[PDB]
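Here the structure is laid out as structure tokens; the discussion comes afterwards.
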Amino acid sequence: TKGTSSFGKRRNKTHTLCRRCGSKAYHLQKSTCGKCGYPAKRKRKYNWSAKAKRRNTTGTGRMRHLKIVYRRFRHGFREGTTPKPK
Amino acid sequence: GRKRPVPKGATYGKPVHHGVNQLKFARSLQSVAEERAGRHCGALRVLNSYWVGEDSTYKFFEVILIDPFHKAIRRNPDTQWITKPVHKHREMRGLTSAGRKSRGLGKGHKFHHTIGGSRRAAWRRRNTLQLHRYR
Amino acid sequence: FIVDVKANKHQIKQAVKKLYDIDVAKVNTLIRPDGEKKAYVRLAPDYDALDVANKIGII
Amino acid sequence: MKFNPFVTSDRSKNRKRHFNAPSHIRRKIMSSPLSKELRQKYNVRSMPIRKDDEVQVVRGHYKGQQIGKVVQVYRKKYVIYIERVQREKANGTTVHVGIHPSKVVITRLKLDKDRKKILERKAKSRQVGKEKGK
Amino acid sequence: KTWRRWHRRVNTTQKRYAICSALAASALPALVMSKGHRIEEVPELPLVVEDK
Amino acid sequence: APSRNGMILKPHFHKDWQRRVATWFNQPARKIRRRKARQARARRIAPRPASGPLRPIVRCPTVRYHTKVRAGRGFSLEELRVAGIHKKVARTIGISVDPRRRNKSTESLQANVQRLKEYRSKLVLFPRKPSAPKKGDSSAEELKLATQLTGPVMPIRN
Amino acid sequence: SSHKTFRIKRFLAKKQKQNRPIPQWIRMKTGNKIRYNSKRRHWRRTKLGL
Amino acid sequence: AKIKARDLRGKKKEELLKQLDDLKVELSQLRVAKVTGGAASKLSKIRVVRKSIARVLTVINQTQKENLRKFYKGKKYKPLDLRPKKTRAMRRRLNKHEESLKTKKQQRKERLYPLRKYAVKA
RNA sequence: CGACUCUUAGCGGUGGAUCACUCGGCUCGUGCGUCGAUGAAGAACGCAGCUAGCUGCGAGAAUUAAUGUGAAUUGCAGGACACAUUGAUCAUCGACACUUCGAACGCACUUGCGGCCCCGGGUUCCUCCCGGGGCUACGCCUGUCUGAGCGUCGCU
RNA sequence: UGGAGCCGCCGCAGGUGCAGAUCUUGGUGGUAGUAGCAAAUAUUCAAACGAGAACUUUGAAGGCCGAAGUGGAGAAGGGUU
RNA sequence: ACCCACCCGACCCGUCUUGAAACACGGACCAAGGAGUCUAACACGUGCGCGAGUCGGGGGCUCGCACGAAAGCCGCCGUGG
RNA sequence: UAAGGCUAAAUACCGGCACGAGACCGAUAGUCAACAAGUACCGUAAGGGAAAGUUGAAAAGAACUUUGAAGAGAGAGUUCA
RNA sequence: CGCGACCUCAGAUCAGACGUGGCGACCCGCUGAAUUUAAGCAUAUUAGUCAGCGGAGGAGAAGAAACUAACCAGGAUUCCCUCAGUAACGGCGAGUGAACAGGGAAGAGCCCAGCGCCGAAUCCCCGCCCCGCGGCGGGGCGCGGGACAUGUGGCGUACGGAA
Ligand SMILES: [Mg+2]
Ligand SMILES: [Mg+2]
Ligand SMILES: [Mg+2]
Ligand SMILES: [Mg+2]
Ligand SMILES: [Mg+2]
Ligand SMILES: [Mg+2]
Ligand SMILES: [Mg+2]
Ligand SMILES: [Mg+2]
Ligand SMILES: [Mg+2]
Ligand SMILES: [Mg+2]
Ligand SMILES: [Mg+2]
Ligand SMILES: [Mg+2]
Ligand SMILES: [Mg+2]
Ligand SMILES: [Mg+2]
Ligand SMILES: [Mg+2]
Ligand SMILES: [Mg+2]
Ligand SMILES: [Mg+2]
Ligand SMILES: [Mg+2]
Ligand SMILES: [Mg+2]
Ligand SMILES: [Mg+2]
Ligand SMILES: [Mg+2]
Ligand SMILES: [Mg+2]
Ligand SMILES: [Mg+2]
Ligand SMILES: [Mg+2]
Ligand SMILES: [Mg+2]
Ligand SMILES: [Mg+2]
Ligand SMILES: [Mg+2]
Ligand SMILES: [Mg+2]
Ligand SMILES: [Mg+2]
Ligand SMILES: [Mg+2]
Ligand SMILES: [Mg+2]
Ligand SMILES: [Mg+2]
Ligand SMILES: [Mg+2]
Ligand SMILES: [Mg+2]
Ligand SMILES: [Mg+2]
Ligand SMILES: [Mg+2]
Ligand SMILES: [Mg+2]
Ligand SMILES: [Mg+2]
Ligand SMILES: [Mg+2]
Ligand SMILES: [Mg+2]
Ligand SMILES: [Zn+2]
């Protein structure tokens, strides 16, 4: 019974989609994640899983603010001006 | 002092490390005091603390804090060093007068550990195979 | 129609009235398994649906 | 040699630079020589080839002394299609065969204002260098 | 590893001795010809020239 | 296990040392960087010696070194007082001053006064404006040299 | 399930949109290495981010 | 056919809106036509109309925001939008006048004991 | 000779070694050394005429403006444009814009309930009703207003 | 055969020579057209479509589930089935 | 060197073992991969340079390094070992 | 001269942006990853984690005829092949 | 049983500011093993090392002697070479292990409290004008508010300082 017949009654779920990290690891009863620790103000990362660390470092995502900051800096953080017009 | 936070005793290990009761934190209580004042008032920038009394159970302290962004501090040149962002969280890094003392740095023979920047840095220097080009 | 998913029936009603100068009896939305909120919109009986249908292009 | 310590001379780097080149940069890469006739007249070695120049193919199969008008410039494919440079496919349909711009010679340019100002800029730099050498 | 002993350091007189040895055999047409250099029609082997 | 004769020798490779190996592939790149930075600093301090300020003569400590003599950190206050240079000014003319130096013997003092005197002789103080007031030297000793001094200024030779 | 949240329903919708096979005009593009979608998910075998 | 930024710049505010509306209408009909086949000739426009719509909306926001920062250029407290965003930290630097405030003691020092240009060996 | 089996060779299969290529790595070096409540990183969901994935962008959504460039983009369509004109296409990027979660902020995570000010229909301030807009996290500093106390006084 | 690079000599350098490691990754045999495609009684006739019918569909017959159902509806789970 | 014949000889390799054709283990077959490395310290041997000396580091002076992150030089030539 | 404080520089830098180089590897190597890779896929979850480069100079990628329901062929053609 | 000072405390969607999370190669503060070695093992070692928590910057930390020395004396910090596998520690076993001097890279020094003098001579915020405004500043003018004598600012800090 311990095996195949008991796989039969896996009718209901522990985790769902976490709304910070996106992973299917938000434990419903605990009402925390276990991936980012969602309710926890700070993100969960541990130094033992260097592979896990790399899977959602900065680079990873869009970097939609951060990628235009790098450009902005390059040319010198100029604000509120234009190039000489035609 | 500081009892070792482990369930029951059960500091599983070699019986050097079996101690839980008679052992003592590195930083002072006064530093802990500052650190807590610092924690609470994040904007505020811990300058320095002093003592105001002691019961058996408690100590008391008085941590002088400073707004780094109040014009009267900003514009006064002699203070405006605290408004620089290297001085964020002095107390947390071991930089107030109190939390300096634990670091174990002073000039002369009675130190040597901390003969670079700090305790950690000297060890670092002393345990680097410098491996030169030509040897 | 297909409608923007954020819309209330109240908004749809108001839009349908505004765009097509028309007037509505009732709006009756659902969400397609696809993502696009569909909307069935009953026009008031002074108006014919096939007539407006010809006006807007569809038939 | 190259002495400038910010250029590359690194197969992988040059090829990557080449194949992943952006349109406006490809324009320059896809340049082609002028005929000795024009070389005399404008004081210019070569020019970025364009939609409707007149042109000879110099090398290959289509190598010939005919002067075909350019048909289009496929900067993605690093190639230009030329009037009668074509081949019949299985089912009779003609297909414009690609020729690389550099294996072609421009006999007649399509002169617009901008092409005119380009030629004026290149000729001037050439004569500055001859004055500096002298 | 990176800290393989890449560089190799030589006594200074020895370095000089080598450089004297090479100079001394930059004379000697045989040693120059044997090293491949077509020096058949050259006028004098320690070949020295005007300083224009 | 040891086998027949040899130094019963203790290597210190029991910690994780390969985690803290420090290579020297920098060093050429470093040596240049210093050298550029050096040449830049010269060029900034235009006719001033590249060296730095002038520094005192000083004997080493201990029985061992004792006999030798180096450059010290800076001239003492007595030495400035006797030479007749106001300590706050001495910094402004390129004279190193430490103030923590005692001065035990009068042989080391008069030597170090002599140094400063000699310095003041062979120094070319430019005037503040191109219009020339007191102290500032003649335009002769100015045109003939706005020259830097290569190497340590008035070097000590034991 | 027939009792869905909206969160879940939207998730399913996108998954349902992703399944379609490549458009054949893609094969005729210039630098094309793609022959088939290879991210096609059949409900009976392989069972969602859920 | 072409709507340029060029011309829109000068136009009146009410005039810009009517133009946007008239494009929004034109976009609708093409979207309708995309459903009912329509024609490739129509299904071009849909991209064109979209970008011309953006060209209009863009001009409007540029005009509204230029006028706005004219209105505050002078006033001390101004909206966060119109304040200059550089980088979180960079908006907490010392003020540009505040970081070259010498203490009177330090000023006096610079007056009495200025570093002098000097050379040696003559 | 017969079939079968074994051996060798020819040719054909199977299989993908070898060799030759390399828009990828690995290492060493140089310069700079910049994220965030003005909403970061990260996640979500969207957006193409035909587009699933990768990329690119945000309801102005394979991008707007500007400047530089100067005829393309191109799988097919369609188109534009007068490429003697702010002008295709790329590049740059200073103006504009930037859906929803997220430190994450009205309170909740259903995507549910709200409050308070103003605007349009709704009224003719009649509050309702609908739609739009702007506020409504915690901590803390400098001030401000309202206060509390058989806390310490003064005058009445 | 193949279709774009490669070798001799003198020196230097090394991630330098395989039959084995119940070695690692990939491939291929003999075993073998073998074991096997046996739980729960059952199929038959004609026609239609169709290149093609033991298996589809329609009709006819013979059978079973036998309302604690092999019937009629949900929950959870699936996610377009 | 391909095949066949015949006479004589001739057990299967690897390995641990006093002893393996073993009724000792590993091994169906083929391809590619696959294990005494590097650093440090010592000692002895050998080769070279200089020799009561020797030394080169570390640092510095000579270049934007194409070759150079080399090469050269240093009252630092010897602080020091 | 302790029990208050500030301070550039030589120093560090397997993260970032942007470059340069190599007695390195050359698709079972080199990063897990030369490719729609932290992808597919697995696991409730923490986490685990692949395989996979190469037609040709040019698509000129085989019109047309014929056998077959078709896949498949036979001729024809393209290509220096 | 009022009104008014102050003190200590509240509440504001009060006016204006800041802090929150990220990254983490390098850096600062804590915390802190056990494989392992010792041919066993418990002290020792592995190691103030991995994991854990905290906080930063373009670097950080350190730093202007309550220092070294014992000399004919040196003279902040950091870095390299050396000292030195040395002095020392250690079931004096395994093993561990610095500093000064010396030579270099660099080089830069300063400020308070206090003690005192100076009509608080000081600071913040309001409001009106002129310039300047994409790092909110200058100048002027307001019986316009507040902070402050339970001490702000100038002079001054051991190298002496004041009058
Ligand atoms: Mg122990
Ligand atoms: Mg103490
Ligand atoms: Mg120096
Ligand atoms: Mg299933
Ligand atoms: Mg003062
Ligand atoms: Mg055969
Ligand atoms: Mg393969
Ligand atoms: Mg070839
Ligand atoms: Mg190798
Ligand atoms: Mg093998
Ligand atoms: Mg059978
Ligand atoms: Mg049913
Ligand atoms: Mg044995
Ligand atoms: Mg035996
Ligand atoms: Mg055997
Ligand atoms: Mg037997
Ligand atoms: Mg065995
Ligand atoms: Mg076996
Ligand atoms: Mg092999
Ligand atoms: Mg020897
Ligand atoms: Mg400090
Ligand atoms: Mg491969
Ligand atoms: Mg391969
Ligand atoms: Mg690989
Ligand atoms: Mg291969
Ligand atoms: Mg192949
Ligand atoms: Mg291959
Ligand atoms: Mg061939
Ligand atoms: Mg933080
Ligand atoms: Mg042991
Ligand atoms: Mg053992
Ligand atoms: Mg044991
Ligand atoms: Mg220890
Ligand atoms: Mg750690
Ligand atoms: Mg610092
Ligand atoms: Mg001190
Ligand atoms: Mg010292
Ligand atoms: Mg020794
Ligand atoms: Mg230790
Ligand atoms: Mg005072
Ligand atoms: Zn999460």
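Identifiers in the structure tokens: chain A, B, ... in order shown; residue index from 1 per chain; ligand index from 1 in order shown.
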
Inset, instruction - Give the residues close to ligand 19, within 10 Å, counting only C-alpha atoms (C1' of nucleotides) and all ligand atoms; write them as a ChimeraX atom specification. - result: /J:17-18 /K:31-34

Interface rows for chain C against chain G: nearest pair, Å to one decimal, 8 Å, only C-alpha atoms, as a tab-separated table:
```
residue	atom	partner	partner_atom	distance
C:33	CA	G:13	CA	5.4
C:34	CA	G:13	CA	4.6
C:35	CA	G:13	CA	5.8
```

Inset, instruction - Please identify the residues whose atoms come within 10 Å of ligand 2, using only C-alpha atoms (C1' of nucleotides) and all ligand atoms, and report them as a list in words. - result: residues 98, 101, 102 and 104 of chain B; 2 and 3 of chain L

Can you list every residue in chain D that DSSP puts in strand (DSSP E or B), as a PDB file with N, CA, C and O atoms, in the first residue's frame?
```pdb
ATOM      1  N   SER D  31      30.758  48.359 -50.215  1.00  0.00           N
ATOM      2  CA  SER D  31      31.209  49.358 -51.171  1.00  0.00           C
ATOM      3  C   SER D  31      31.826  48.666 -52.361  1.00  0.00           C
ATOM      4  O   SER D  31      32.102  47.465 -52.324  1.00  0.00           O
ATOM      5  N   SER D  32      32.024  49.437 -53.420  1.00  0.00           N
ATOM      6  CA  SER D  32      32.515  48.900 -54.675  1.00  0.00           C
ATOM      7  C   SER D  32      33.264  49.955 -55.454  1.00  0.00           C
ATOM      8  O   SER D  32      32.943  51.140 -55.362  1.00  0.00           O
ATOM      9  N   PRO D  33      34.259  49.526 -56.238  1.00  0.00           N
ATOM     10  CA  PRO D  33      35.102  50.477 -56.938  1.00  0.00           C
ATOM     11  C   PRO D  33      34.405  51.196 -58.084  1.00  0.00           C
ATOM     12  O   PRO D  33      33.437  50.693 -58.658  1.00  0.00           O
ATOM     13  N   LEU D  34      34.911  52.387 -58.371  1.00  0.00           N
ATOM     14  CA  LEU D  34      34.509  53.166 -59.521  1.00  0.00           C
ATOM     15  C   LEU D  34      35.297  52.635 -60.690  1.00  0.00           C
ATOM     16  O   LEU D  34      36.320  51.975 -60.497  1.00  0.00           O
ATOM     17  N   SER D  46      36.414  54.471 -54.589  1.00  0.00           N
ATOM     18  CA  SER D  46      35.244  53.617 -54.491  1.00  0.00           C
ATOM     19  C   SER D  46      34.121  54.280 -53.709  1.00  0.00           C
ATOM     20  O   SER D  46      34.330  55.270 -52.999  1.00  0.00           O
ATOM     21  N   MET D  47      32.936  53.694 -53.848  1.00  0.00           N
ATOM     22  CA  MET D  47      31.706  54.254 -53.325  1.00  0.00           C
ATOM     23  C   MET D  47      30.783  53.147 -52.831  1.00  0.00           C
ATOM     24  O   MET D  47      30.768  52.064 -53.413  1.00  0.00           O
ATOM     25  N   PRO D  48      30.026  53.407 -51.748  1.00  0.00           N
ATOM     26  CA  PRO D  48      28.931  52.553 -51.288  1.00  0.00           C
ATOM     27  C   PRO D  48      27.880  52.359 -52.353  1.00  0.00           C
ATOM     28  O   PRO D  48      27.256  53.330 -52.787  1.00  0.00           O
ATOM     29  N   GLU D  54      24.673  51.869 -62.351  1.00  0.00           N
ATOM     30  CA  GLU D  54      25.050  51.027 -63.485  1.00  0.00           C
ATOM     31  C   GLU D  54      26.441  50.478 -63.215  1.00  0.00           C
ATOM     32  O   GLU D  54      27.318  51.174 -62.699  1.00  0.00           O
ATOM     33  N   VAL D  55      26.634  49.233 -63.618  1.00  0.00           N
ATOM     34  CA  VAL D  55      27.591  48.350 -62.978  1.00  0.00           C
ATOM     35  C   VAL D  55      28.050  47.267 -63.949  1.00  0.00           C
ATOM     36  O   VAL D  55      27.263  46.791 -64.767  1.00  0.00           O
ATOM     37  N   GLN D  56      29.320  46.886 -63.847  1.00  0.00           N
ATOM     38  CA  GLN D  56      29.812  45.658 -64.461  1.00  0.00           C
ATOM     39  C   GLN D  56      30.162  44.666 -63.377  1.00  0.00           C
ATOM     40  O   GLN D  56      30.622  45.052 -62.308  1.00  0.00           O
ATOM     41  N   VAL D  57      29.936  43.388 -63.670  1.00  0.00           N
ATOM     42  CA  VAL D  57      30.424  42.294 -62.849  1.00  0.00           C
ATOM     43  C   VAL D  57      31.800  41.997 -63.391  1.00  0.00           C
ATOM     44  O   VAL D  57      31.963  41.846 -64.603  1.00  0.00           O
ATOM     45  N   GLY D  68      25.053  46.392 -66.588  1.00  0.00           N
ATOM     46  CA  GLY D  68      23.726  46.183 -66.021  1.00  0.00           C
ATOM     47  C   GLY D  68      23.422  47.141 -64.883  1.00  0.00           C
ATOM     48  O   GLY D  68      24.287  47.441 -64.055  1.00  0.00           O
ATOM     49  N   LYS D  69      22.180  47.606 -64.843  1.00  0.00           N
ATOM     50  CA  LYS D  69      21.707  48.488 -63.794  1.00  0.00           C
ATOM     51  C   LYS D  69      21.422  47.657 -62.546  1.00  0.00           C
ATOM     52  O   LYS D  69      20.892  46.548 -62.653  1.00  0.00           O
ATOM     53  N   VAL D  70      21.762  48.191 -61.369  1.00  0.00           N
ATOM     54  CA  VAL D  70      21.527  47.490 -60.094  1.00  0.00           C
ATOM     55  C   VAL D  70      20.028  47.412 -59.837  1.00  0.00           C
ATOM     56  O   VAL D  70      19.280  48.330 -60.178  1.00  0.00           O
ATOM     57  N   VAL D  71      19.609  46.305 -59.232  1.00  0.00           N
ATOM     58  CA  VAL D  71      18.204  45.963 -59.092  1.00  0.00           C
ATOM     59  C   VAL D  71      17.755  46.076 -57.641  1.00  0.00           C
ATOM     60  O   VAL D  71      16.757  46.743 -57.365  1.00  0.00           O
ATOM     61  N   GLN D  72      18.468  45.410 -56.732  1.00  0.00           N
ATOM     62  CA  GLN D  72      18.362  45.715 -55.289  1.00  0.00           C
ATOM     63  C   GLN D  72      19.594  45.310 -54.487  1.00  0.00           C
ATOM     64  O   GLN D  72      20.480  44.614 -54.985  1.00  0.00           O
ATOM     65  N   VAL D  73      19.643  45.806 -53.259  1.00  0.00           N
ATOM     66  CA  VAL D  73      20.771  45.640 -52.368  1.00  0.00           C
ATOM     67  C   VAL D  73      20.261  44.878 -51.151  1.00  0.00           C
ATOM     68  O   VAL D  73      19.479  45.414 -50.357  1.00  0.00           O
ATOM     69  N   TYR D  74      20.695  43.631 -51.006  1.00  0.00           N
ATOM     70  CA  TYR D  74      20.207  42.768 -49.940  1.00  0.00           C
ATOM     71  C   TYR D  74      21.280  42.766 -48.861  1.00  0.00           C
ATOM     72  O   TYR D  74      22.114  41.865 -48.782  1.00  0.00           O
ATOM     73  N   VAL D  79      24.889  41.301 -50.524  1.00  0.00           N
ATOM     74  CA  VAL D  79      24.767  41.044 -51.946  1.00  0.00           C
ATOM     75  C   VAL D  79      23.899  42.065 -52.662  1.00  0.00           C
ATOM     76  O   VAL D  79      23.040  42.710 -52.055  1.00  0.00           O
ATOM     77  N   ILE D  80      24.128  42.183 -53.960  1.00  0.00           N
ATOM     78  CA  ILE D  80      23.327  43.044 -54.799  1.00  0.00           C
ATOM     79  C   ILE D  80      22.861  42.232 -55.983  1.00  0.00           C
ATOM     80  O   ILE D  80      23.561  41.321 -56.434  1.00  0.00           O
ATOM     81  N   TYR D  81      21.658  42.540 -56.450  1.00  0.00           N
ATOM     82  CA  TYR D  81      21.096  41.902 -57.624  1.00  0.00           C
ATOM     83  C   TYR D  81      21.208  42.902 -58.744  1.00  0.00           C
ATOM     84  O   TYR D  81      21.060  44.110 -58.526  1.00  0.00           O
ATOM     85  N   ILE D  82      21.487  42.384 -59.939  1.00  0.00           N
ATOM     86  CA  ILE D  82      21.825  43.196 -61.100  1.00  0.00           C
ATOM     87  C   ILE D  82      20.949  42.764 -62.274  1.00  0.00           C
ATOM     88  O   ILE D  82      20.623  41.587 -62.393  1.00  0.00           O
ATOM     89  N   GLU D  83      20.591  43.725 -63.129  1.00  0.00           N
ATOM     90  CA  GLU D  83      19.617  43.557 -64.235  1.00  0.00           C
ATOM     91  C   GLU D  83      19.536  42.166 -64.898  1.00  0.00           C
ATOM     92  O   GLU D  83      18.572  41.433 -64.660  1.00  0.00           O
ATOM     93  N   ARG D  84      20.528  41.811 -65.718  1.00  0.00           N
ATOM     94  CA  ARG D  84      20.500  40.559 -66.485  1.00  0.00           C
ATOM     95  C   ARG D  84      21.358  39.452 -65.860  1.00  0.00           C
ATOM     96  O   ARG D  84      21.473  38.364 -66.425  1.00  0.00           O
ATOM     97  N   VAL D  85      21.949  39.730 -64.699  1.00  0.00           N
ATOM     98  CA  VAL D  85      22.610  38.706 -63.894  1.00  0.00           C
ATOM     99  C   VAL D  85      21.519  37.876 -63.219  1.00  0.00           C
ATOM    100  O   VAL D  85      21.059  38.203 -62.116  1.00  0.00           O
ATOM    101  N   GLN D  86      21.094  36.819 -63.905  1.00  0.00           N
ATOM    102  CA  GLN D  86      20.033  35.944 -63.407  1.00  0.00           C
ATOM    103  C   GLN D  86      20.108  34.550 -64.005  1.00  0.00           C
ATOM    104  O   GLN D  86      20.820  34.317 -64.988  1.00  0.00           O
ATOM    105  N   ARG D  87      19.367  33.631 -63.389  1.00  0.00           N
ATOM    106  CA  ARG D  87      19.387  32.229 -63.783  1.00  0.00           C
ATOM    107  C   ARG D  87      17.998  31.612 -63.723  1.00  0.00           C
ATOM    108  O   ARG D  87      17.232  31.851 -62.786  1.00  0.00           O
ATOM    109  N   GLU D  88      17.700  30.811 -64.743  1.00  0.00           N
ATOM    110  CA  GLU D  88      16.422  30.137 -64.866  1.00  0.00           C
ATOM    111  C   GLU D  88      16.363  28.998 -63.850  1.00  0.00           C
ATOM    112  O   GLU D  88      17.232  28.124 -63.845  1.00  0.00           O
ATOM    113  N   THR D  94      12.838  33.136 -63.774  1.00  0.00           N
ATOM    114  CA  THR D  94      14.133  33.780 -63.570  1.00  0.00           C
ATOM    115  C   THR D  94      14.299  34.156 -62.110  1.00  0.00           C
ATOM    116  O   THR D  94      13.330  34.492 -61.422  1.00  0.00           O
ATOM    117  N   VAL D  95      15.541  34.079 -61.652  1.00  0.00           N
ATOM    118  CA  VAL D  95      15.891  34.364 -60.275  1.00  0.00           C
ATOM    119  C   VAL D  95      17.136  35.231 -60.285  1.00  0.00           C
ATOM    120  O   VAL D  95      18.146  34.860 -60.888  1.00  0.00           O
ATOM    121  N   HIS D  96      17.058  36.380 -59.625  1.00  0.00           N
ATOM    122  CA  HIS D  96      18.179  37.305 -59.596  1.00  0.00           C
ATOM    123  C   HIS D  96      19.300  36.731 -58.765  1.00  0.00           C
ATOM    124  O   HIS D  96      19.170  36.587 -57.548  1.00  0.00           O
ATOM    125  N   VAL D  97      20.400  36.405 -59.436  1.00  0.00           N
ATOM    126  CA  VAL D  97      21.557  35.821 -58.786  1.00  0.00           C
ATOM    127  C   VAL D  97      22.330  36.921 -58.092  1.00  0.00           C
ATOM    128  O   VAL D  97      22.563  37.990 -58.659  1.00  0.00           O
ATOM    129  N   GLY D  98      22.723  36.640 -56.858  1.00  0.00           N
ATOM    130  CA  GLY D  98      23.502  37.563 -56.076  1.00  0.00           C
ATOM    131  C   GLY D  98      24.937  37.661 -56.555  1.00  0.00           C
ATOM    132  O   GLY D  98      25.567  36.659 -56.907  1.00  0.00           O
ATOM    133  N   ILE D  99      25.424  38.897 -56.584  1.00  0.00           N
ATOM    134  CA  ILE D  99      26.824  39.213 -56.781  1.00  0.00           C
ATOM    135  C   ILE D  99      27.252  40.048 -55.589  1.00  0.00           C
ATOM    136  O   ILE D  99      26.522  40.948 -55.167  1.00  0.00           O
ATOM    137  N   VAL D 104      32.512  43.834 -58.595  1.00  0.00           N
ATOM    138  CA  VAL D 104      31.646  44.564 -59.494  1.00  0.00           C
ATOM    139  C   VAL D 104      32.331  45.909 -59.657  1.00  0.00           C
ATOM    140  O   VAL D 104      33.110  46.295 -58.789  1.00  0.00           O
ATOM    141  N   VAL D 105      32.072  46.610 -60.756  1.00  0.00           N
ATOM    142  CA  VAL D 105      32.577  47.967 -60.894  1.00  0.00           C
ATOM    143  C   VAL D 105      31.514  48.940 -61.380  1.00  0.00           C
ATOM    144  O   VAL D 105      30.835  48.697 -62.371  1.00  0.00           O
ATOM    145  N   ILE D 106      31.393  50.043 -60.644  1.00  0.00           N
ATOM    146  CA  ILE D 106      30.429  51.086 -60.936  1.00  0.00           C
ATOM    147  C   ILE D 106      30.952  51.910 -62.107  1.00  0.00           C
ATOM    148  O   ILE D 106      31.986  52.576 -61.995  1.00  0.00           O
ATOM    149  N   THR D 107      30.227  51.850 -63.220  1.00  0.00           N
ATOM    150  CA  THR D 107      30.502  52.684 -64.380  1.00  0.00           C
ATOM    151  C   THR D 107      29.693  53.971 -64.314  1.00  0.00           C
ATOM    152  O   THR D 107      30.223  55.035 -64.635  1.00  0.00           O
ATOM    153  N   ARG D 108      28.419  53.879 -63.925  1.00  0.00           N
ATOM    154  CA  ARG D 108      27.584  55.072 -63.753  1.00  0.00           C
ATOM    155  C   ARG D 108      26.920  55.091 -62.379  1.00  0.00           C
ATOM    156  O   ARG D 108      26.213  54.156 -62.005  1.00  0.00           O
TER     157      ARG D 108
END
```

Inset, instruction - Let me have all residues with an atom within 9 Å of ligand 25, counting only C-alpha atoms (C1' of nucleotides) and all ligand atoms, laid out as a list in words. - result: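 Taking only C-alpha atoms (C1' of nucleotides) and all ligand atoms into account, the residues around ligand 25 at most 9 Å away are residues 16, 17, 18 and 19 of chain I; 27 of chain L.
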
Inset, instruction - Name the residues in contact with residue 144 of chain M at a cut-off of 12 Å, using only C-alpha atoms (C1' of nucleotides), excluding same-chain residues fewer than 4 positions from it; report them as number ranges by chain. - result: M: 125-128

Inset, instruction - Grab me every residue within 9 Å of ligand 28, counting only C-alpha atoms (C1' of nucleotides) and all ligand atoms, and send it over as a ChimeraX atom specification. - result: /J:2-3 /L:80-81

Inset, instruction - With only C-alpha atoms (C1' of nucleotides) and all ligand atoms counted, collect every polymer residue having an atom within 6 Å of ligand 41; state the result as a list in words. - result: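 Based on only C-alpha atoms (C1' of nucleotides) and all ligand atoms, ligand 41 is surrounded within 6 Å by residues 18, 20, 21, 23, 33, 35, 36, 37 and 38 of chain A.
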
Pull N, CA and C atoms from the residues just selected and write them as a short mmCIF file (atom, residue, chain, number, x, y, z; two decimals), in the first residue's frame.
```
data_model
loop_
_atom_site.label_atom_id
_atom_site.label_comp_id
_atom_site.auth_asym_id
_atom_site.auth_seq_id
_atom_site.Cartn_x
_atom_site.Cartn_y
_atom_site.Cartn_z
N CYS A 18 3.60 31.52 -6.11
CA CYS A 18 4.04 32.66 -5.31
C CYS A 18 3.96 33.90 -6.18
N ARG A 20 5.55 36.94 -5.59
CA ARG A 20 6.78 37.70 -5.69
C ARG A 20 7.71 37.00 -6.68
N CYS A 21 8.09 35.77 -6.36
CA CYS A 21 9.09 35.07 -7.17
C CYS A 21 8.50 34.40 -8.38
N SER A 23 7.40 31.37 -8.56
CA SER A 23 7.51 29.92 -8.48
C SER A 23 6.26 29.31 -7.89
N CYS A 33 6.53 31.35 1.09
CA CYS A 33 7.07 30.68 -0.07
C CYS A 33 7.99 29.52 0.35
N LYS A 35 11.50 29.73 -1.38
CA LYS A 35 12.07 30.03 -2.69
C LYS A 35 12.51 31.49 -2.61
N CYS A 36 11.57 32.37 -2.27
CA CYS A 36 11.89 33.76 -1.89
C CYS A 36 11.44 34.16 -0.48
N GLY A 37 10.76 33.25 0.21
CA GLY A 37 10.13 33.51 1.51
C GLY A 37 9.01 34.54 1.52
N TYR A 38 8.34 34.70 0.38
CA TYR A 38 7.53 35.88 0.06
C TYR A 38 7.18 36.86 1.17
#
```
